[PDB]
Amino acid sequence: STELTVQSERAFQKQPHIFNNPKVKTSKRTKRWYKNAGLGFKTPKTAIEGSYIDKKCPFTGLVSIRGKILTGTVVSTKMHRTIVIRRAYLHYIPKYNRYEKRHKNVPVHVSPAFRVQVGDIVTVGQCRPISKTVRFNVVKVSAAXXXXXXXXXXX
Amino acid sequence: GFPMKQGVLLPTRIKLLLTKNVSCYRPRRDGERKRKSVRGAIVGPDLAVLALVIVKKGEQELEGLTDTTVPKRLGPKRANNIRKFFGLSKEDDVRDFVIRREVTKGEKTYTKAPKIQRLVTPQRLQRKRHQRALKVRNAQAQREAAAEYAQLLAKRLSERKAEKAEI
Amino acid sequence: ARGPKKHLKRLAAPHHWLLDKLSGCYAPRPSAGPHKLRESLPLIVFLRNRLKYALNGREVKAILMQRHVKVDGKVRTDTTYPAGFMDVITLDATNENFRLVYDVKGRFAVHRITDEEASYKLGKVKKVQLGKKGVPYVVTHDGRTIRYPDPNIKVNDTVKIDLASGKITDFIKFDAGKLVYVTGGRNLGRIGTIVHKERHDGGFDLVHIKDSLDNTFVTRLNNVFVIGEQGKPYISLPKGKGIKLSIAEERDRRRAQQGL
Amino acid sequence: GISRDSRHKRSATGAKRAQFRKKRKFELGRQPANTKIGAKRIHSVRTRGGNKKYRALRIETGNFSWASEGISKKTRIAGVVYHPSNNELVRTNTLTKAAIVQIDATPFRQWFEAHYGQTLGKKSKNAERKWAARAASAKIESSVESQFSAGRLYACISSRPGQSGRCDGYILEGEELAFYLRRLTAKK
Amino acid sequence: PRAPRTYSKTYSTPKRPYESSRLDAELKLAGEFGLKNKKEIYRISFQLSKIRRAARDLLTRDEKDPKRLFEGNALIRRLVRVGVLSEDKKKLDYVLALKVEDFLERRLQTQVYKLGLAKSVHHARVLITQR
RNA sequence: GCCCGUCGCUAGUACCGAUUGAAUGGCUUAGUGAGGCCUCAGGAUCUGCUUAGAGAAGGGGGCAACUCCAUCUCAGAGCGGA
RNA sequence: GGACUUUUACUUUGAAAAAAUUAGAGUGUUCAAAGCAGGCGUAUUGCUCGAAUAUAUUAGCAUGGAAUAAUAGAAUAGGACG
RNA sequence: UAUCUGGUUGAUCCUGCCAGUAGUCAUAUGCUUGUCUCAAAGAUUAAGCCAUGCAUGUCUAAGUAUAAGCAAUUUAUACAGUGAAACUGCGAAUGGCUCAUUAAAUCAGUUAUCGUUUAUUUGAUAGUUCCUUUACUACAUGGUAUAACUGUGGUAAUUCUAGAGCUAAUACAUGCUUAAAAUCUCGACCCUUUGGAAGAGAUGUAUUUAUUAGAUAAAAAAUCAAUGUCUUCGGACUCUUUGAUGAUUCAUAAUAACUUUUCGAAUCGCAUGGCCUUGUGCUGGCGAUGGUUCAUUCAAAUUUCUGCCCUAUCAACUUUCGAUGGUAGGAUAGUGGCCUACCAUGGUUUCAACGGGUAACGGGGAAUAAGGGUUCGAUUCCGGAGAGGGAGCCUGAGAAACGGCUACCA
């Protein structure tokens, strides 16, 4: 999430060790570090172009995408740099031989490299514990805004 | 029967938490502490026995004390402990100056001596020399092996330039 | 649960050991060492349950204490020594030389080898990793760590060792078409030349295999051990060479040799 | 003692949790050293599986690096003036990581004046050779030189004195020095 | 903490207890083969029942199926070896046929009578059980 | 013919109920708060480093000037450790 | 190795899959419940077969299918390719 | 192995229950009980209470024997046989026992550590340790301080122990050492050139910080400040080395440093010779214990995905005194609201949250045989939890242990 300010905390926001020297005259100002999480998840343009800091950012931070890779629908975007997605599914009951509707709300960290809203079907990858309820990180916004501009007005 | 304990003060009895290697408590398990009663270090009337030490001689002899004498049961067993028990200076062959004890085996008279530890012996020097020798030997060993891997990669690069020139 | 599990309840003990259900409440806990617990074979099970050279484990311990056994060189007086796959058991008395290896029933076979063949070992590398002071090292499956190997060697590449000393000789790379011994699964004991390695990034690489009978099976890049070229292994395979006879064919062969 | 499990606490759903099992030693937590300044006193804690941490309480000298000079000098630390977690760690001059101190600014002088012959603020042959060789690389920076004048250099602690027993940090520079400057004089 | 010395029973037991006809038949079997308890009928008919069970289980499988192959002809070898199943009618449809009589008339009890050595099935019993 | 309810007898069960009734169990405020653990101090005693007096030992090797290593003892000054 | 990809349910084969249990093959514990034994000569100096197979259903993985049934797409063209 | 039968009516056909009928690794109780094999067994209620005994100790040629110990004999005047006690080392954290608590916990199948610790075993792994450094520092090996023991003792009373006299170490505490090499620095002098040089300092490993190398997406050029190697003196600069991963700030390496300095052998048993410069000079055999880092193994800890019985006469629940998240620290072996400080207002919910219940440990499993189901699982295998309740903690690789201690309640 973030937006603006970037340096907006009591402690300086700097990526670890990524040093740039004031003696060294520069046009880039601050030297930047990035990578790719693997699993064919193309490290998004806005992650390298970006100006934020997020040490929980999978592409420009100090975490690692590994384990399960899941997808789900976005039901919540309120908490700063973290959202809540709802994976639905059907559970097979043999006695009646029928599948019953069920769901789970996974809390997932979302880097300021994305522009997530409620609805955008999204793809996240498991990581380390980053919080009390966070074990995943958004790694591909599959949807968009669900034909939102399509609902407009007249002329 | 409770014991005193230097540096607890009080002419009373206090229950203290005792640990390893400290008066009035010998532990019974690895790091096993125990809270036991103890008597203060301040002499009172409640005492049955008082442990005293003669520090300066009087003007009269004391029966089972000053008068009679009794020897330290043992003698020096380590090397320099002997040498410096007699003040011999490091040379005077410490394999003689060790006290030997006569015990009589009825109609056999036995002379038993300790066992001088920390003595410099032919076998210990043999060992030390073996240590240095082994260390240096494996040192040069690993150096040469390092050189041989270096040459392996060398005439690996050689086949690199050879095959890359081939095309 | 408070510390190291020092016992072994005889019912938990790996089935390929072949121990009898009744008569006993415990089994030889494999000691720590080169082989994983449930893919090892205690020298007490070997010098007794397979070699019948003993009865009481006490006799086993006595035998071992008289140095009359040695694994890949060193004597080994650990009654429950965790010996296992590709290892070499030497008996100077009896003049017997054994290689611990899988049949096709995925058990452990009483395999006798030459005294000559009993001085080299196959060893799948588990890691080609750089070490301290620059020294590169390969660590093969049997805990063996050998420094200064070959930049042509990568992970899962098998290896022939001097045993007598600790040096790698000719190494067999992991390519399509290399004679492969299966170490784990219910396709273990089998052998079959490699067909094709299903990749799957960070998700257990499947290994497609076809033996010498035109039969095919898959496994994973874990249970797969390389041992040569088609028809051309590097060690002495046992009587069956991992072809896995079906049940009816087994009914046939064991009743094929019928006339007394 | 302090027990860093998650087994207490509420679940994210809000429900209160029962008590399965008792406090386990392997999930312990020990007290914050609350390291102070002055006269080295360091007590070692026996951590898990052998291994020691060196809980430091009172520390007067630390090894501080100058990022754009490739050097590190063991200097005398002189109090905290800023800390992003709490101001108590500043009023108390408590030494923690990420803390901002002012250091001796005299070994860095004696080094810099013996490496450039330029001397902050405001004769040998080989020496002059080396100096002429250098220079064209000694503009320092307004803030670091101004820092030098007073004889106290803003540094930022980077080691963990509770853990390591070390009080190492780095001289501030660039946008970071700028940030802490701003943030510092503004709150006076 | 040991291994369990496992077990099973060897007899099933009639649903209806007082069906006259089956009491007739079972009693006949008793006075024909010199049996003791009505348990030696139940047991045998239960063994047989498990056999028939496996049989009709296989029958549903495709013919020349792996399991039908191996286990079918295995059970066939089985029922032939003792002399319950005929070498003539030797293909598992006849094990689905079968009858308890074929098990009854194969006992050592019975065969020590079938060619003399007895004159009566009871003398067979006694002589067998007496070493 | 069947048959309903009040009323009367015996037995059993459950309910309402003054007692703001009573009992076991789990949580929990407030107050008091043992114990070990960390921590500021403490310093029975008990060694130790550095600055030196008053007697001997052991010699870097000299005709007189000159000078190194380990060890033991007390009237007497600083830097700390258990 | 660079560069991008509408998401599913379903089914298939397979991998991963402790043993005891269970279904079940062989072996006459004299029979049976069991046990995993055992069977052979040269029974005065070994010969030898075994200790199988199956189920292991939901979920995760791997794969073959493309019907059935959902899903997303270009209408203010803010479309498609070049 | 797909079976019904008796009871409502005068009689009938229904609905429907009742009763019969068969099993039960399912308890009990009653009557009778001869033979072989197999042998479960204070779970249910009272994880209620316990007399007494016993259940964890342990020695190799190879850490310590002056027993005033027993025995000798082959020697063995330092010790050498064997060996109580005591030190030291390791173990006592496994095993056994119970099922109380426990319902998204445990457990299960499936995962993750690019999120950590790990005695051991196994395979590797150490030439630097002193210091203005010719009149040198024990390394032919530096310091004591204790038990056992002797001796004087205290208490009604315990595996209670006090004062004194001795003495060991692979215990306690110290502390020398080894070749070459080149690299990074300082540089006395000489001489201005285009510039070089004596010999002085630093460079084991570990520690903590900061910086750097760790290329590789197909191919070329100009310039600035540094500045390397060979002179064919306008200058070129060609051969120029590159690990792993799906993925890293990974392995690995460099510089500048820092440390009440990690480790780098003052250890033990058998043998006892090789070679002369005959010095009690100098080397040397096999294997034991130890010793830092890496791997390995036995492990451990958290961890992803899906799965629980009854309950709405429980509908809202979570933020008190963390509830959901961001930042920073602190703490951990390490991830993390694990904790603190600031900040935000979030998190679960009829697809049933939260709460209550459970005479609920979970699973492998078990009983009942058309099928679908139903019921059960304290209990021999795995995983968890506890040792009357609670908390606290010592020791240690590993315990919040209980045949450990400490405190409180009973």
# chains A, B, ... in the order shown; residues from 1 in each chain; ligands from 1
>>> residues_around(residues="residue 164 of chain D", least_positions_apart="4", cutoff="12 Å", atoms="only C-alpha atoms (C1' of nucleotides)", output="PyMOL selection string")
(chain D and resi 33+35+42-45+51-57+96-97+158-160+168) or (chain H and resi 207-209+259)
>>> write_last_selection(atoms="C-alpha atoms (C1' of nucleotides)", output="PDB file, in the first residue's frame")
ATOM      1  CA  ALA D  33      19.918  -6.212  29.280  1.00  0.00           C
ATOM      2  CA  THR D  35      22.672  -1.882  28.225  1.00  0.00           C
ATOM      3  CA  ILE D  42      29.769  -7.804  30.449  1.00  0.00           C
ATOM      4  CA  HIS D  43      28.053 -10.922  31.745  1.00  0.00           C
ATOM      5  CA  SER D  44      27.722 -13.987  29.552  1.00  0.00           C
ATOM      6  CA  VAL D  45      24.420 -15.835  29.376  1.00  0.00           C
ATOM      7  CA  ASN D  51      26.892 -21.324  23.235  1.00  0.00           C
ATOM      8  CA  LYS D  52      27.026 -17.994  24.972  1.00  0.00           C
ATOM      9  CA  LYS D  53      25.560 -14.548  24.484  1.00  0.00           C
ATOM     10  CA  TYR D  54      27.389 -11.690  26.156  1.00  0.00           C
ATOM     11  CA  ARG D  55      24.751  -9.570  27.856  1.00  0.00           C
ATOM     12  CA  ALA D  56      26.475  -6.222  28.189  1.00  0.00           C
ATOM     13  CA  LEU D  57      25.477  -3.648  30.802  1.00  0.00           C
ATOM     14  CA  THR D  96      20.533  -0.701  21.685  1.00  0.00           C
ATOM     15  CA  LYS D  97      20.635  -1.450  17.972  1.00  0.00           C
ATOM     16  CA  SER D 158      24.255  -1.754  14.262  1.00  0.00           C
ATOM     17  CA  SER D 159      25.274  -4.557  16.621  1.00  0.00           C
ATOM     18  CA  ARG D 160      23.195  -6.019  19.457  1.00  0.00           C
ATOM     19  CA  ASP D 168      29.485  -1.359  16.928  1.00  0.00           C
TER      20      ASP D 168
ATOM     21  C1'   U H 207      34.165 -12.966  17.577  1.00  0.00           C
ATOM     22  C1'   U H 208      31.178  -8.417  16.246  1.00  0.00           C
ATOM     23  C1'   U H 209      30.281  -4.386  12.748  1.00  0.00           C
ATOM     24  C1'   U H 259      37.060  -9.128  21.489  1.00  0.00           C
TER      25        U H 259
END
>>> residues_around(residues="residue 93 of chain A", least_positions_apart="6", cutoff="9 Å", atoms="only C-alpha atoms (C1' of nucleotides)", output="ChimeraX atom specification")
/A:99-100 /G:58
>>> residues_around(residues="segment 112-123 of chain B", least_positions_apart="2", cutoff="7 Å", atoms="only C-alpha atoms (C1' of nucleotides)", output="PyMOL selection string")
(chain B and resi 77-79+99-102+110+125-127) or (chain H and resi 66+78-79+140-141)
>>> write_last_selection(atoms="N, CA and C atoms (P, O5', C5', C4', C3', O3' and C1' of nucleotides)", output="PDB file, in the first residue's frame")
ATOM      1  N   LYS B  77      53.731 -35.765  45.593  1.00  0.00           N
ATOM      2  CA  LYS B  77      53.508 -36.794  44.584  1.00  0.00           C
ATOM      3  C   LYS B  77      53.749 -36.243  43.184  1.00  0.00           C
ATOM      4  N   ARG B  78      53.505 -34.951  42.997  1.00  0.00           N
ATOM      5  CA  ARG B  78      53.815 -34.312  41.724  1.00  0.00           C
ATOM      6  C   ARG B  78      55.284 -33.906  41.707  1.00  0.00           C
ATOM      7  N   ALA B  79      55.825 -33.682  40.512  1.00  0.00           N
ATOM      8  CA  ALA B  79      57.247 -33.388  40.332  1.00  0.00           C
ATOM      9  C   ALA B  79      57.721 -32.143  41.087  1.00  0.00           C
ATOM     10  N   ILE B  99      59.729 -39.474  48.983  1.00  0.00           N
ATOM     11  CA  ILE B  99      59.643 -40.261  50.210  1.00  0.00           C
ATOM     12  C   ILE B  99      59.009 -41.625  49.956  1.00  0.00           C
ATOM     13  N   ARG B 100      59.681 -42.657  50.460  1.00  0.00           N
ATOM     14  CA  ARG B 100      59.226 -44.036  50.336  1.00  0.00           C
ATOM     15  C   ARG B 100      58.719 -44.560  51.678  1.00  0.00           C
ATOM     16  N   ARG B 101      57.609 -45.287  51.654  1.00  0.00           N
ATOM     17  CA  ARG B 101      56.987 -45.734  52.894  1.00  0.00           C
ATOM     18  C   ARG B 101      57.182 -47.224  53.131  1.00  0.00           C
ATOM     19  N   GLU B 102      57.704 -47.555  54.306  1.00  0.00           N
ATOM     20  CA  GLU B 102      57.873 -48.944  54.691  1.00  0.00           C
ATOM     21  C   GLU B 102      56.633 -49.486  55.366  1.00  0.00           C
ATOM     22  N   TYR B 110      58.227 -54.222  52.926  1.00  0.00           N
ATOM     23  CA  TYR B 110      57.915 -53.567  51.657  1.00  0.00           C
ATOM     24  C   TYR B 110      58.144 -52.062  51.643  1.00  0.00           C
ATOM     25  N   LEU B 125      58.109 -37.006  25.580  1.00  0.00           N
ATOM     26  CA  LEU B 125      58.834 -36.269  24.549  1.00  0.00           C
ATOM     27  C   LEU B 125      58.644 -36.945  23.190  1.00  0.00           C
ATOM     28  N   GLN B 126      58.621 -38.277  23.199  1.00  0.00           N
ATOM     29  CA  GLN B 126      58.304 -39.060  22.006  1.00  0.00           C
ATOM     30  C   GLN B 126      56.935 -38.674  21.451  1.00  0.00           C
ATOM     31  N   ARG B 127      55.978 -38.503  22.364  1.00  0.00           N
ATOM     32  CA  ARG B 127      54.622 -38.099  21.998  1.00  0.00           C
ATOM     33  C   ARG B 127      54.572 -36.685  21.430  1.00  0.00           C
TER      34      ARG B 127
ATOM     35  P     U H  66      50.163 -43.810  43.963  1.00  0.00           P
ATOM     36  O5'   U H  66      50.893 -44.055  45.358  1.00  0.00           O
ATOM     37  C5'   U H  66      51.521 -45.298  45.638  1.00  0.00           C
ATOM     38  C4'   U H  66      51.298 -45.727  47.063  1.00  0.00           C
ATOM     39  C3'   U H  66      49.936 -45.366  47.638  1.00  0.00           C
ATOM     40  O3'   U H  66      49.463 -46.439  48.434  1.00  0.00           O
ATOM     41  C1'   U H  66      51.651 -44.435  48.987  1.00  0.00           C
ATOM     42  P     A H  78      64.027 -45.340  40.892  1.00  0.00           P
ATOM     43  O5'   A H  78      62.518 -45.050  41.342  1.00  0.00           O
ATOM     44  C5'   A H  78      62.187 -44.473  42.603  1.00  0.00           C
ATOM     45  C4'   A H  78      60.774 -43.939  42.597  1.00  0.00           C
ATOM     46  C3'   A H  78      59.707 -44.904  42.089  1.00  0.00           C
ATOM     47  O3'   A H  78      59.205 -45.755  43.107  1.00  0.00           O
ATOM     48  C1'   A H  78      59.516 -42.852  40.937  1.00  0.00           C
ATOM     49  P     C H  79      58.520 -47.166  42.741  1.00  0.00           P
ATOM     50  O5'   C H  79      57.261 -46.773  41.865  1.00  0.00           O
ATOM     51  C5'   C H  79      56.058 -46.331  42.469  1.00  0.00           C
ATOM     52  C4'   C H  79      54.948 -46.327  41.458  1.00  0.00           C
ATOM     53  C3'   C H  79      54.669 -47.672  40.812  1.00  0.00           C
ATOM     54  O3'   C H  79      53.797 -48.467  41.594  1.00  0.00           O
ATOM     55  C1'   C H  79      54.856 -46.006  39.139  1.00  0.00           C
ATOM     56  P     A H 140      61.726 -28.916  25.296  1.00  0.00           P
ATOM     57  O5'   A H 140      62.185 -29.572  26.673  1.00  0.00           O
ATOM     58  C5'   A H 140      61.243 -30.238  27.507  1.00  0.00           C
ATOM     59  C4'   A H 140      61.792 -30.516  28.886  1.00  0.00           C
ATOM     60  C3'   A H 140      62.754 -29.468  29.454  1.00  0.00           C
ATOM     61  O3'   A H 140      62.551 -29.388  30.863  1.00  0.00           O
ATOM     62  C1'   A H 140      63.793 -31.569  29.472  1.00  0.00           C
ATOM     63  P     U H 141      61.955 -28.055  31.534  1.00  0.00           P
ATOM     64  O5'   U H 141      60.395 -28.352  31.663  1.00  0.00           O
ATOM     65  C5'   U H 141      59.526 -28.226  30.542  1.00  0.00           C
ATOM     66  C4'   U H 141      58.081 -28.284  30.961  1.00  0.00           C
ATOM     67  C3'   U H 141      57.814 -29.122  32.208  1.00  0.00           C
ATOM     68  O3'   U H 141      56.772 -28.528  32.979  1.00  0.00           O
ATOM     69  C1'   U H 141      56.605 -30.015  30.378  1.00  0.00           C
TER      70        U H 141
END
>>> residues_around(residues="residue 78 of chain G", least_positions_apart="4", cutoff="12 Å", atoms="only C-alpha atoms (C1' of nucleotides)", output="PDB file with N, CA and C atoms (P, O5', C5', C4', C3', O3' and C1' of nucleotides), in the first residue's frame")
ATOM      1  N   UNK A 147     -13.982  -5.333 -14.931  1.00  0.00           N
ATOM      2  CA  UNK A 147     -14.736  -4.477 -15.853  1.00  0.00           C
ATOM      3  C   UNK A 147     -15.436  -3.327 -15.112  1.00  0.00           C
ATOM      4  N   UNK A 148     -14.659  -2.567 -14.340  1.00  0.00           N
ATOM      5  CA  UNK A 148     -15.197  -1.502 -13.491  1.00  0.00           C
ATOM      6  C   UNK A 148     -15.476  -0.209 -14.266  1.00  0.00           C
ATOM      7  N   UNK A 149     -14.638   0.084 -15.256  1.00  0.00           N
ATOM      8  CA  UNK A 149     -14.829   1.267 -16.087  1.00  0.00           C
ATOM      9  C   UNK A 149     -16.050   1.086 -16.975  1.00  0.00           C
ATOM     10  N   UNK A 150     -16.382  -0.175 -17.254  1.00  0.00           N
ATOM     11  CA  UNK A 150     -17.515  -0.536 -18.108  1.00  0.00           C
ATOM     12  C   UNK A 150     -18.818   0.060 -17.579  1.00  0.00           C
TER      13      UNK A 150
ATOM     14  P     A G  74     -11.405  -8.136 -23.890  1.00  0.00           P
ATOM     15  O5'   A G  74     -12.421  -7.445 -24.910  1.00  0.00           O
ATOM     16  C5'   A G  74     -12.252  -6.079 -25.265  1.00  0.00           C
ATOM     17  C4'   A G  74     -13.240  -5.605 -26.305  1.00  0.00           C
ATOM     18  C3'   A G  74     -14.724  -5.647 -25.915  1.00  0.00           C
ATOM     19  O3'   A G  74     -15.370  -4.461 -26.381  1.00  0.00           O
ATOM     20  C1'   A G  74     -14.401  -6.760 -27.968  1.00  0.00           C
TER      21        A G  74
END
>>> atom_distance(atom1="atom CA of residue 177 of chain D", atom2="atom CA of residue 79 of chain D")
17.2 Å
>>> residues_around(residues="segment 67-77 of chain F", least_positions_apart="4", cutoff="8 Å", atoms="only C-alpha atoms (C1' of nucleotides)", output="PDB file with N, CA and C atoms (P, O5', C5', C4', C3', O3' and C1' of nucleotides), in the first residue's frame")
ATOM      1  P     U F  51      55.808  -1.276  38.451  1.00  0.00           P
ATOM      2  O5'   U F  51      56.108  -0.526  39.828  1.00  0.00           O
ATOM      3  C5'   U F  51      55.888   0.874  39.959  1.00  0.00           C
ATOM      4  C4'   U F  51      56.023   1.345  41.391  1.00  0.00           C
ATOM      5  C3'   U F  51      57.262   0.895  42.147  1.00  0.00           C
ATOM      6  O3'   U F  51      58.430   1.620  41.802  1.00  0.00           O
ATOM      7  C1'   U F  51      55.360   0.655  43.533  1.00  0.00           C
ATOM      8  P     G F  53      63.992  -1.240  47.183  1.00  0.00           P
ATOM      9  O5'   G F  53      63.946  -1.010  48.764  1.00  0.00           O
ATOM     10  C5'   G F  53      64.396   0.207  49.352  1.00  0.00           C
ATOM     11  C4'   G F  53      64.070   0.275  50.826  1.00  0.00           C
ATOM     12  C3'   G F  53      64.909  -0.608  51.743  1.00  0.00           C
ATOM     13  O3'   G F  53      66.147  -0.017  52.099  1.00  0.00           O
ATOM     14  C1'   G F  53      62.624  -0.913  52.246  1.00  0.00           C
ATOM     15  P     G F  60      75.077 -17.466  33.300  1.00  0.00           P
ATOM     16  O5'   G F  60      74.647 -16.394  32.202  1.00  0.00           O
ATOM     17  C5'   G F  60      75.620 -15.692  31.441  1.00  0.00           C
ATOM     18  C4'   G F  60      75.015 -14.501  30.739  1.00  0.00           C
ATOM     19  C3'   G F  60      76.004 -13.503  30.146  1.00  0.00           C
ATOM     20  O3'   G F  60      76.493 -13.895  28.869  1.00  0.00           O
ATOM     21  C1'   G F  60      74.423 -12.342  31.453  1.00  0.00           C
TER      22        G F  60
ATOM     23  P     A H 135      68.588  -8.629  23.839  1.00  0.00           P
ATOM     24  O5'   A H 135      70.015  -8.177  24.376  1.00  0.00           O
ATOM     25  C5'   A H 135      70.303  -8.190  25.767  1.00  0.00           C
ATOM     26  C4'   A H 135      70.995  -9.467  26.162  1.00  0.00           C
ATOM     27  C3'   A H 135      71.530  -9.499  27.589  1.00  0.00           C
ATOM     28  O3'   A H 135      71.446 -10.833  28.092  1.00  0.00           O
ATOM     29  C1'   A H 135      73.326  -9.739  26.063  1.00  0.00           C
ATOM     30  P     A H 138      60.647 -17.690  31.703  1.00  0.00           P
ATOM     31  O5'   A H 138      61.543 -18.956  31.331  1.00  0.00           O
ATOM     32  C5'   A H 138      61.084 -19.927  30.401  1.00  0.00           C
ATOM     33  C4'   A H 138      61.464 -21.329  30.804  1.00  0.00           C
ATOM     34  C3'   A H 138      61.169 -22.414  29.775  1.00  0.00           C
ATOM     35  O3'   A H 138      62.193 -22.535  28.800  1.00  0.00           O
ATOM     36  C1'   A H 138      60.347 -23.085  31.886  1.00  0.00           C
TER      37        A H 138
END
>>> interface_residues(of="chain H", to="chain A", cutoff="9 Å", atoms="only C-alpha atoms (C1' of nucleotides)", output="MDAnalysis selection string")
chainID H and resid 111:115 210:211 246:249 303:305 324:328 335:337 342 344:346 351 372:373
>>> write_last_selection(atoms="C-alpha atoms (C1' of nucleotides)", output="PDB file, in the first residue's frame")
ATOM      1  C1'   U H 111       4.132 -29.804   3.549  1.00  0.00           C
ATOM      2  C1'   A H 112       8.306 -25.518   4.959  1.00  0.00           C
ATOM      3  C1'   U H 113      13.340 -23.772   7.420  1.00  0.00           C
ATOM      4  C1'   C H 114      16.209 -19.100   1.536  1.00  0.00           C
ATOM      5  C1'   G H 115      13.343 -19.516   9.946  1.00  0.00           C
ATOM      6  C1'   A H 210      30.970  -1.836   7.975  1.00  0.00           C
ATOM      7  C1'   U H 211      32.448  -2.272   2.971  1.00  0.00           C
ATOM      8  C1'   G H 246      12.852 -22.626  -9.171  1.00  0.00           C
ATOM      9  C1'   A H 247      14.669 -18.205  -5.865  1.00  0.00           C
ATOM     10  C1'   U H 248      18.710 -15.027  -1.844  1.00  0.00           C
ATOM     11  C1'   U H 249      22.177 -10.258   0.870  1.00  0.00           C
ATOM     12  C1'   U H 303       5.442 -24.676  10.025  1.00  0.00           C
ATOM     13  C1'   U H 304       1.814 -24.985   4.793  1.00  0.00           C
ATOM     14  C1'   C H 305      -2.598 -27.199   2.923  1.00  0.00           C
ATOM     15  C1'   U H 324      -5.874  -7.652  13.111  1.00  0.00           C
ATOM     16  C1'   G H 325      -1.475  -4.930  10.788  1.00  0.00           C
ATOM     17  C1'   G H 326       2.635  -1.378   9.789  1.00  0.00           C
ATOM     18  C1'   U H 327       7.851   0.632  11.984  1.00  0.00           C
ATOM     19  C1'   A H 328      11.771   0.057  15.379  1.00  0.00           C
ATOM     20  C1'   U H 335      10.502 -17.187  12.610  1.00  0.00           C
ATOM     21  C1'   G H 336       6.498 -14.179  14.846  1.00  0.00           C
ATOM     22  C1'   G H 337       2.375  -9.128  18.914  1.00  0.00           C
ATOM     23  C1'   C H 342       4.821   4.521  18.396  1.00  0.00           C
ATOM     24  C1'   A H 344      -3.340   2.564  12.380  1.00  0.00           C
ATOM     25  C1'   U H 345      -8.248   0.388  12.987  1.00  0.00           C
ATOM     26  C1'   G H 346      -8.397  -3.734  12.040  1.00  0.00           C
ATOM     27  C1'   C H 351     -20.387 -21.701   3.860  1.00  0.00           C
ATOM     28  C1'   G H 372     -25.080 -47.587   1.714  1.00  0.00           C
ATOM     29  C1'   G H 373     -24.238 -47.374   6.925  1.00  0.00           C
TER      30        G H 373
END
>>> atom_distance(atom1="atom CA of residue 157 of chain C", atom2="atom CA of residue 126 of chain C")
8.3 Å
>>> residues_around(residues="residue 167 of chain H", least_positions_apart="5", cutoff="9 Å", atoms="only C-alpha atoms (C1' of nucleotides)", output="PyMOL selection string")
(chain B and resi 73-77) or (chain H and resi 146)
>>> interface_residues(of="chain H", to="chain D", cutoff="9 Å", atoms="only C-alpha atoms (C1' of nucleotides)", output="MDAnalysis selection string")
chainID H and resid 101:102 105:106 117:118 187 207:211 225:226 255:260 301 317:318 322:324 327:333 336 338:342 347:349 353:354 385:386 392 396:400
>>> interface_residues(of="chain E", to="chain H", cutoff="7 Å", atoms="only C-alpha atoms (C1' of nucleotides)", output="tab-separated table (two decimals) with N, CA, C and O atoms, in the first residue's frame")
chain	number	residue	atom	x	y	z
E	1	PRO	N	3.82	-54.27	25.82
E	1	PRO	CA	4.39	-53.57	24.67
E	1	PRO	C	4.83	-54.53	23.56
E	1	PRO	O	5.57	-54.15	22.64
E	2	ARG	N	4.36	-55.76	23.65
E	2	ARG	CA	4.79	-56.83	22.75
E	2	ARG	C	3.91	-56.91	21.52
E	2	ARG	O	2.97	-56.12	21.34
E	3	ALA	N	4.21	-57.87	20.65
E	3	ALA	CA	3.38	-58.16	19.51
E	3	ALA	C	2.20	-59.04	19.94
E	3	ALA	O	2.36	-59.94	20.77
E	4	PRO	N	1.00	-58.77	19.39
E	4	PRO	CA	-0.22	-59.49	19.76
E	4	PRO	C	-0.29	-60.89	19.14
E	4	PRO	O	-0.18	-61.03	17.91
E	15	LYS	N	-28.86	-68.30	12.64
E	15	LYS	CA	-29.69	-67.16	12.99
E	15	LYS	C	-30.86	-67.66	13.82
E	15	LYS	O	-30.85	-67.55	15.04
E	16	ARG	N	-31.85	-68.23	13.13
E	16	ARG	CA	-32.96	-68.91	13.80
E	16	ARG	C	-32.43	-70.09	14.61
E	16	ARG	O	-31.59	-70.86	14.13
